Amino acid sequence: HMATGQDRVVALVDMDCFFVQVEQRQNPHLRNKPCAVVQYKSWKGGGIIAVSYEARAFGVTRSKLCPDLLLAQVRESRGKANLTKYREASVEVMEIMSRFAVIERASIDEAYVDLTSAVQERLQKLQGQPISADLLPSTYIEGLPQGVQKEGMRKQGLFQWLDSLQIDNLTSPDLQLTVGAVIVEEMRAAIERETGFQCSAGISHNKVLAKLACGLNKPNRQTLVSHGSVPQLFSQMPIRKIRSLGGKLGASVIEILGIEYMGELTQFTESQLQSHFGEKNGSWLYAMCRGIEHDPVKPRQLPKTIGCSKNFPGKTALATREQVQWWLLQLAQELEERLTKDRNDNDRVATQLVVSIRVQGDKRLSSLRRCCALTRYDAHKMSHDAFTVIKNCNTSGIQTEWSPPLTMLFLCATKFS
DNA sequence: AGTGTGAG
DNA sequence: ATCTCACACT
Ligand SMILES: Cc1cn([C@H]2C[C@H](O)[C@@H](COP(=O)(O)NP(=O)(O)OP(=O)(O)O)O2)c(=O)[nH]c1=O
Ligand SMILES: [Cl-]
Ligand SMILES: [Mg+2]
Ligand code: NI
């Protein structure tokens with residue numbers, strides 16, 4: 001149950017090269033041939049952001065060497081990418097997924113699912129008899145097939161898993177996970193049938209393990225990670241690959257303890273971890289290296305902030321007053337469009353406008369931030385309000401010159417009510 | 001409460 | 001992602 005962190009059934013669904021698939025649905029000639037999606041940029045034909053798996057075999061990567069490669073491009077608006085098409089496809093899939101169990105949309109192409117309830121309901125409604133392997137055509141059970149080889153090995157491991165599953169104990173963690181994988185198999189089948197899109201999934205007891213499991217067998221495949229498989233999986237799992245350990249905390253763990261893999265954290269005591277990383281982080285690390293994590297999947301859905309920004313690196317850095325005013329207006333117009341849709345869809349209005357900037361030479365993400373009331377959904381008014389609070393923040397008193405220059409402009413609406 | 005951190 | 005959004009922290 002909770003002592004061993006097997007209290008829930010969590011899944012992570014991530015679309016395989018989502019943007020590529022969205023383009024392939026519109027232009028058929030691109031569906032089963034190596035292609036990519038570019039943003040029109042005069043350097044190299046434009047930067048690549050989404051690459052199909054077919055092209056990855058040739059060594060093609062995102063951010064040329066596959067002459068057959070076909071290209072599709074993102075519409076551009078106000079100097080940045082326009083992702084409306086993708087947001088609409090994301091919403092489509094999310095609505096389809098919400099039918100099988102409640103979800104937490106985590107990004108434009110992936111979402112967590114809490115199947116605990118659905119798994120309980122499914123074991124009851126089920127006769128109570130066994131689960132045939134035919135319900136898991138694309139499920140991999142991690143670590144088991146120990147002791148054409150791609151396919152089939154999966155089926156042997158699946159057979160050993162099913163042959164060792166509890167039959168009578170309906171609260172058996174492994175059984176709950178197996179049923180969760182069945183439900184995910186159905187969910188993905190429905191998604192493909194109704195949209196044509198393929199995706200991958202991870203099934204485990206918490207968000208961290210579900211996210212890690214999803215990437216174990218991509219694409220169009222799903223992986224089940226049991227509590228018993230956690231030690232082996234962590235034995236050579238880079239610390240920085242765990243959700244929330246990708247930044248300074250993870251690097252700090254590596255440097256202070258002189259370790260690289262998650263499983264090595266098992267050798268330290270809870271008191272040791274608290275004495276080196278603090279009470280909260282020490283306990284979190286102690287349980288996570290053992291496969292235990294409790295972050296709940298939250299259906300809550302309306303956003304707490306709505307905003308947009310744009311970066312101007314190096315040469316492009318905003319130098320004149322005219323430039324900063326124009327880009328603030330562009331940002332406020334995009335903001336107005338989105339806030340308008342927000343108010344139409346959720347009957348709420350933003351009461352605060354946050355303005356943030358970054359000056360060339362500053363290592364921090366943002367050089368400063370100020371705020372002001374957001375009374376009217378007027379791009380022109382908002383542009384002047386943001387400009388007014390940030391305008392005195394300039395060193396050059398020389399006219400027609402902004403000093404220091406700006407390398408980033410950010411506008412954000414919050415405090416909804 | 002604004003700053004800093006982290007995911008995707 | 002070579003942008004949007006969440007939230008922990010005296
Ligand atoms: C990580 C990342 C994603 N994206 C965009 C393009 C992807 O289609 C979209 C989905 O992000 P992802 O889930 O991280 N990667 P993917 O879905 O495209 O590919 P896959 O899951 O590894 O097969 O986000 C970038 O433009 N730059 C990036 O660095
Ligand atoms: Cl903010
Ligand atoms: Mg993906
Ligand atoms: Ni004006």
# chains A, B, ... in the order shown; residues from 1 in each chain; ligands from 1
>>> closest_atom_pairs(of="chain A", to="ligand 1", cutoff="7 Å", atoms="only C-alpha atoms and all ligand atoms", output="Markdown table")
| residue | atom | partner | partner_atom_place_in_ligand_line | distance |
| --- | --- | --- | --- | --- |
| A:14 | CA | ligand 1 | 21 (O) | 6.0 |
| A:15 | CA | ligand 1 | 17 (O) | 5.3 |
| A:16 | CA | ligand 1 | 23 (O) | 3.8 |
| A:17 | CA | ligand 1 | 18 (O) | 3.6 |
| A:18 | CA | ligand 1 | 8 (O) | 4.7 |
| A:19 | CA | ligand 1 | 8 (O) | 4.3 |
| A:20 | CA | ligand 1 | 8 (O) | 6.6 |
| A:49 | CA | ligand 1 | 26 (O) | 4.2 |
| A:50 | CA | ligand 1 | 8 (O) | 4.6 |
| A:108 | CA | ligand 1 | 10 (C) | 6.8 |
| A:109 | CA | ligand 1 | 10 (C) | 5.6 |
| A:110 | CA | ligand 1 | 13 (O) | 6.6 |
| A:218 | CA | ligand 1 | 23 (O) | 6.8 |
| A:219 | CA | ligand 1 | 23 (O) | 6.5 |
>>> residues_near_ligand(ligand="ligand 4", cutoff="8 Å", atoms="only C-alpha atoms (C1' of nucleotides) and all ligand atoms", output="CSV table (one decimal) with N, CA and C atoms, in the first residue's frame")
chain,number,residue,atom,x,y,z
A,380,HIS,N,-3.3,48.1,-26.8
A,380,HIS,CA,-2.7,49.4,-26.8
A,380,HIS,C,-2.5,49.9,-25.4
A,381,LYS,N,-3.6,49.8,-24.6
A,381,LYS,CA,-3.5,50.3,-23.2
A,381,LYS,C,-2.4,49.5,-22.4
A,383,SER,N,0.1,47.9,-23.6
A,383,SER,CA,1.4,48.2,-24.0
A,383,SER,C,1.9,49.5,-23.4
A,384,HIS,N,1.0,50.5,-23.3
A,384,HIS,CA,1.5,51.7,-22.6
A,384,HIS,C,1.7,51.6,-21.1
>>> atom_distance(atom1="CA of residue 53 in chain A", atom2="CA of residue 144 in chain A")
26.5 Å
>>> select_by_dssp(residues="range 309-364 of chain A", states="helix (DSSP H, G or I)", output="JSON, numbers by chain")
{"A": [314, 315, 316, 321, 322, 323, 324, 325, 326, 327, 328, 329, 330, 331, 332, 333, 334, 335, 336, 337, 338, 339, 340, 341, 342, 343, 344, 345, 346]}
>>> write_last_selection(atoms="N, CA and C atoms", output="short mmCIF file (atom, residue, chain, number, x, y, z; two decimals), in the first residue's frame")
data_model
loop_
_atom_site.label_atom_id
_atom_site.label_comp_id
_atom_site.auth_asym_id
_atom_site.auth_seq_id
_atom_site.Cartn_x
_atom_site.Cartn_y
_atom_site.Cartn_z
N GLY A 314 21.99 38.67 -28.75
CA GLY A 314 23.09 39.35 -29.42
C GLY A 314 22.75 40.59 -30.22
N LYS A 315 23.02 40.53 -31.53
CA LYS A 315 22.75 41.64 -32.44
C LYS A 315 21.31 42.12 -32.36
N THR A 316 20.36 41.19 -32.35
CA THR A 316 18.93 41.51 -32.34
C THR A 316 18.50 42.31 -31.12
N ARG A 321 14.20 53.26 -28.32
CA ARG A 321 12.92 53.34 -27.61
C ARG A 321 11.80 52.81 -28.50
N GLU A 322 11.89 53.13 -29.80
CA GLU A 322 10.89 52.70 -30.77
C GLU A 322 10.77 51.18 -30.80
N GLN A 323 11.91 50.48 -30.80
CA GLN A 323 11.92 49.02 -30.81
C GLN A 323 11.20 48.45 -29.59
N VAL A 324 11.55 48.92 -28.39
CA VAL A 324 10.94 48.38 -27.18
C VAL A 324 9.44 48.66 -27.18
N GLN A 325 9.03 49.84 -27.65
CA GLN A 325 7.60 50.14 -27.68
C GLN A 325 6.86 49.21 -28.64
N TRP A 326 7.42 49.02 -29.85
CA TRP A 326 6.78 48.17 -30.85
C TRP A 326 6.68 46.73 -30.38
N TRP A 327 7.77 46.17 -29.84
CA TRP A 327 7.69 44.79 -29.39
C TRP A 327 6.75 44.65 -28.19
N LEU A 328 6.66 45.67 -27.33
CA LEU A 328 5.70 45.57 -26.24
C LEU A 328 4.29 45.53 -26.82
N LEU A 329 4.04 46.34 -27.85
CA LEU A 329 2.72 46.35 -28.48
C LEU A 329 2.40 45.00 -29.11
N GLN A 330 3.37 44.41 -29.83
CA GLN A 330 3.19 43.09 -30.44
C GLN A 330 2.86 42.05 -29.38
N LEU A 331 3.60 42.08 -28.27
CA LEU A 331 3.35 41.14 -27.19
C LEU A 331 1.96 41.35 -26.61
N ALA A 332 1.59 42.61 -26.36
CA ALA A 332 0.28 42.91 -25.81
C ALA A 332 -0.84 42.50 -26.76
N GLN A 333 -0.60 42.53 -28.08
CA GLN A 333 -1.64 42.11 -29.00
C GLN A 333 -1.83 40.60 -28.95
N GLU A 334 -0.72 39.85 -28.84
CA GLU A 334 -0.86 38.41 -28.70
C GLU A 334 -1.56 38.10 -27.38
N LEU A 335 -1.16 38.83 -26.34
CA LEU A 335 -1.73 38.68 -25.01
C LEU A 335 -3.23 38.92 -25.06
N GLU A 336 -3.65 40.01 -25.70
CA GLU A 336 -5.08 40.31 -25.81
C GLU A 336 -5.82 39.17 -26.49
N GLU A 337 -5.27 38.65 -27.59
CA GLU A 337 -5.93 37.54 -28.27
C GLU A 337 -6.15 36.36 -27.33
N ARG A 338 -5.10 35.99 -26.58
CA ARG A 338 -5.23 34.85 -25.68
C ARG A 338 -6.12 35.16 -24.48
N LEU A 339 -5.97 36.34 -23.86
CA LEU A 339 -6.82 36.70 -22.73
C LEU A 339 -8.28 36.71 -23.15
N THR A 340 -8.55 37.18 -24.37
CA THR A 340 -9.92 37.22 -24.87
C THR A 340 -10.48 35.81 -24.93
N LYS A 341 -9.72 34.89 -25.53
CA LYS A 341 -10.20 33.51 -25.56
C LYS A 341 -10.39 32.97 -24.15
N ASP A 342 -9.46 33.30 -23.24
CA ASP A 342 -9.55 32.85 -21.85
C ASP A 342 -10.86 33.29 -21.21
N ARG A 343 -11.22 34.57 -21.39
CA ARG A 343 -12.45 35.11 -20.82
C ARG A 343 -13.67 34.50 -21.47
N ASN A 344 -13.59 34.20 -22.76
CA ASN A 344 -14.71 33.59 -23.46
C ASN A 344 -14.96 32.17 -22.95
N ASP A 345 -13.88 31.39 -22.81
CA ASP A 345 -13.94 30.00 -22.38
C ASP A 345 -14.15 29.80 -20.88
N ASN A 346 -13.57 30.64 -20.02
CA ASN A 346 -13.69 30.39 -18.58
C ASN A 346 -14.40 31.46 -17.75
#
>>> residues_near_ligand(ligand="ligand 2", cutoff="8 Å", atoms="only C-alpha atoms (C1' of nucleotides) and all ligand atoms", output="PyMOL selection string")
chain A and resi 354-356+369+412
>>> closest_atom_pairs(of="chain C", to="chain A", cutoff="10 Å", atoms="only C-alpha atoms (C1' of nucleotides)", output="JSON lines")
{"residue": "C:1", "atom": "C1'", "partner": "A:49", "partner_atom": "CA", "distance": 9.2}
{"residue": "C:2", "atom": "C1'", "partner": "A:63", "partner_atom": "CA", "distance": 6.8}
{"residue": "C:3", "atom": "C1'", "partner": "A:309", "partner_atom": "CA", "distance": 7.6}
{"residue": "C:4", "atom": "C1'", "partner": "A:308", "partner_atom": "CA", "distance": 7.2}
{"residue": "C:5", "atom": "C1'", "partner": "A:305", "partner_atom": "CA", "distance": 7.4}
{"residue": "C:6", "atom": "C1'", "partner": "A:304", "partner_atom": "CA", "distance": 8.4}
>>> write_last_selection(atoms="N, CA, C and O atoms (P, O5', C5', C4', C3', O3' and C1' of nucleotides)", output="compact mmCIF listing (two decimals), in the first residue's frame")
# COMPACT_ATOMS: atom_id res chain seq x y z
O5' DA C 1 10.61 26.97 -26.16
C5' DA C 1 11.78 27.28 -26.89
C4' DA C 1 12.99 26.65 -26.23
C3' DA C 1 13.85 25.79 -27.16
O3' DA C 1 15.17 26.34 -27.26
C1' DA C 1 12.82 24.45 -25.42
P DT C 2 16.21 26.27 -26.03
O5' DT C 2 16.91 27.72 -26.05
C5' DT C 2 18.16 27.89 -26.70
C4' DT C 2 18.04 28.83 -27.89
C3' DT C 2 16.73 28.73 -28.65
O3' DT C 2 16.47 29.95 -29.34
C1' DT C 2 18.50 27.73 -29.91
P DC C 3 11.29 33.48 -28.93
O5' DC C 3 10.21 32.42 -28.41
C5' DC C 3 9.54 32.64 -27.18
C4' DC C 3 8.90 31.36 -26.70
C3' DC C 3 7.96 31.52 -25.53
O3' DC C 3 6.65 31.78 -26.00
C1' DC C 3 9.32 29.55 -25.34
P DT C 4 5.57 32.46 -25.03
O5' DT C 4 5.04 31.25 -24.14
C5' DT C 4 4.19 30.27 -24.70
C4' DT C 4 3.68 29.33 -23.63
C3' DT C 4 2.99 30.01 -22.45
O3' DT C 4 1.86 29.24 -22.04
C1' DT C 4 4.81 28.74 -21.66
P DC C 5 0.78 29.87 -21.03
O5' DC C 5 1.11 29.16 -19.65
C5' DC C 5 1.18 27.76 -19.58
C4' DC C 5 1.82 27.33 -18.28
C3' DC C 5 1.41 28.15 -17.07
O3' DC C 5 0.48 27.39 -16.29
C1' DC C 5 3.76 27.61 -17.09
P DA C 6 0.11 27.80 -14.78
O5' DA C 6 1.19 27.00 -13.91
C5' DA C 6 1.43 25.62 -14.18
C4' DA C 6 2.17 24.99 -13.02
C3' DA C 6 1.78 25.54 -11.65
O3' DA C 6 1.76 24.49 -10.70
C1' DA C 6 4.07 26.05 -12.11
>>> closest_atom_pairs(of="chain A", to="chain B", cutoff="12 Å", atoms="only C-alpha atoms (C1' of nucleotides)", output="Markdown table")
| residue | atom | partner | partner_atom | distance |
| --- | --- | --- | --- | --- |
| A:14 | CA | B:8 | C1' | 10.6 |
| A:105 | CA | B:8 | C1' | 11.2 |
| A:106 | CA | B:8 | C1' | 7.8 |
| A:107 | CA | B:8 | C1' | 5.9 |
| A:108 | CA | B:8 | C1' | 8.1 |
| A:109 | CA | B:8 | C1' | 8.7 |
| A:110 | CA | B:8 | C1' | 8.6 |
| A:111 | CA | B:8 | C1' | 10.6 |
| A:208 | CA | B:7 | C1' | 11.7 |
| A:211 | CA | B:7 | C1' | 11.1 |
| A:240 | CA | B:6 | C1' | 11.6 |
| A:241 | CA | B:7 | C1' | 11.6 |
| A:242 | CA | B:7 | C1' | 10.8 |
| A:243 | CA | B:7 | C1' | 7.6 |
| A:244 | CA | B:6 | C1' | 6.0 |
| A:245 | CA | B:6 | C1' | 8.1 |
| A:246 | CA | B:6 | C1' | 7.3 |
| A:247 | CA | B:6 | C1' | 6.7 |
| A:248 | CA | B:5 | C1' | 8.0 |
| A:249 | CA | B:5 | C1' | 9.2 |
| A:250 | CA | B:6 | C1' | 10.9 |
| A:354 | CA | B:2 | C1' | 11.4 |
| A:356 | CA | B:2 | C1' | 11.6 |
| A:364 | CA | B:4 | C1' | 9.3 |
| A:365 | CA | B:4 | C1' | 9.2 |
| A:366 | CA | B:3 | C1' | 9.7 |
| A:367 | CA | B:3 | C1' | 10.7 |
| A:368 | CA | B:3 | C1' | 9.7 |
| A:369 | CA | B:2 | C1' | 8.3 |
| A:370 | CA | B:2 | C1' | 9.3 |
| A:371 | CA | B:2 | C1' | 10.8 |
>>> select_by_dssp(residues="range 202-259 of chain A", states="strand (DSSP E)", output="PyMOL selection string")
chain A and resi 202-204+222-224
>>> write_last_selection(atoms="N, CA and C atoms", output="CSV table (one decimal), in the first residue's frame")
chain,number,residue,atom,x,y,z
A,202,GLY,N,3.9,5.1,-20.1
A,202,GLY,CA,4.6,4.5,-19.0
A,202,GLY,C,3.6,4.2,-18.0
A,203,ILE,N,3.7,3.1,-17.3
A,203,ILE,CA,2.8,2.7,-16.3
A,203,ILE,C,3.5,2.3,-15.0
A,204,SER,N,3.2,2.9,-13.9
A,204,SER,CA,3.9,2.6,-12.7
A,204,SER,C,3.0,3.1,-11.5
A,222,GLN,N,4.4,0.7,-25.0
A,222,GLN,CA,4.2,1.1,-23.6
A,222,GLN,C,5.0,0.2,-22.7
A,223,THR,N,5.5,0.8,-21.6
A,223,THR,CA,6.3,0.1,-20.7
A,223,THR,C,5.7,0.1,-19.2
A,224,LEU,N,5.7,-1.1,-18.6
A,224,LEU,CA,5.2,-1.2,-17.2
A,224,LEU,C,6.4,-1.3,-16.3
